[PDB]
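If you're matching them up, the sequences are chains A and B in order.
Using my numbering, count along the first sequence one by one with no gaps and you end on 127.
Using my numbering, count along the second sequence one by one with no gaps and you end on 112.
Here's the structure we're looking at; comments come further down.
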Amino acid sequence: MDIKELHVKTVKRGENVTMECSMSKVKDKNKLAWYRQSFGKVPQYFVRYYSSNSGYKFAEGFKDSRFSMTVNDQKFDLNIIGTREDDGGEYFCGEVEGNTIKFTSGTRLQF
Amino acid sequence: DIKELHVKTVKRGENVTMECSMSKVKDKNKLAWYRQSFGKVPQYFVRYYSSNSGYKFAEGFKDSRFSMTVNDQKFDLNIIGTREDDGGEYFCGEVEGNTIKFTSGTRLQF
């Protein structure tokens, strides 16, 4: 499989951010999720597709109202309103396919 | 559930072993290492496999420098003769239904 570049986004505090993932090549939407990796930590499952109008469900424990998603037939996009230093890290969009996950997109959010 | 990566600083030629535990694994068939080269999307690297070696490297990663130590306790990733292009972050995770759970990872830096 071909190596893919992270999108590198340099943001200021208070900026609003969108990190992109495409529905285009998704086989099973139920298996699709974003992963958040704080620097020097193991990545964590962050939010997944959900069969609702909003289209997503955050992992348990996670409440930060600043995070949401734009989910439709084309997009599985991750949004932050009023970004701050704590948000910094790498975010990966991946779809589970049998024994493994395949990541189709990722963004490094930095200040 | 939040875990720190092991940080390892190496020079060219050094041998490395990056650890992952079997202890809490539910389905070994869904267990794999993922390699993320710096600035790149993570990639499936090697998975558990029922065999004498106990693993199978992904199509793009058949370098003889890579191996694993797999037993009832260990799911450890080895590189002999590391090089700068091996630099990045390696994550060990098990697929559980709709998502993957990563239990350990190492940052390999030069």
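The beta-carbon is built from N, C-alpha and C at its ideal position, and this holds for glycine as well.
- It is roughly 6 Å from the alpha-carbon of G95 of chain B to the alpha-carbon of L33 of chain B.
- If the five residues before and after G56 of chain B are omitted, its C-beta is found closer than 8 Å to the C-beta atoms of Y50, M70, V72, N73, all from its own chain and listed in chain order.
- Taking a cut-off of 8 Å on C-beta distances, the region 24 to 35 of chain A touches the region 92 to 112 of chain A, as three or more cross pairs fall below it.
- In the DSSP assignment, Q90 of chain A falls outside any beta strand (DSSP E), carrying neither H nor E.
- The continuous beta strand (DSSP E) containing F93 of chain B extends over residues 90 to 98.
- Assignment of beta-bridge partners to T19 of chain B by DSSP yields B:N80.
- Residue pairing by DSSP places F104 of chain B opposite B:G95 in a beta bridge.
- Taking the C-beta atoms as reference points, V58 of chain A is found nearer than 8 Å to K5 of chain B.
- With distances taken between CA atoms, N100 of chain B lies nearest to A:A75 out of A:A75, A:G122, A:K41, A:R29.
- Nearest neighbour of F93 of chain B by Cα position, chosen from A:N46, A:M39, A:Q53, turns out to be A:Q53.
- Residue state for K79 of chain A is assigned as coil, using DSSP reduced to three classes.
- For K32 of chain B, the secondary structure class from DSSP, reduced to helix, strand or coil, is helix.
- When rounded, the separation of the alpha-carbon atoms in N80 of chain B and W50 of chain A is 28 Å.
- Contact of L22 of chain A with chain B by beta-carbon distance below 8 Å involves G41, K42, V43.
- Apart from the 5 residues on each side of it in sequence, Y61 of chain A sits with its Cβ closer than 7 Å to the Cβ of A49, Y51, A75 in its chain, given in chain order.
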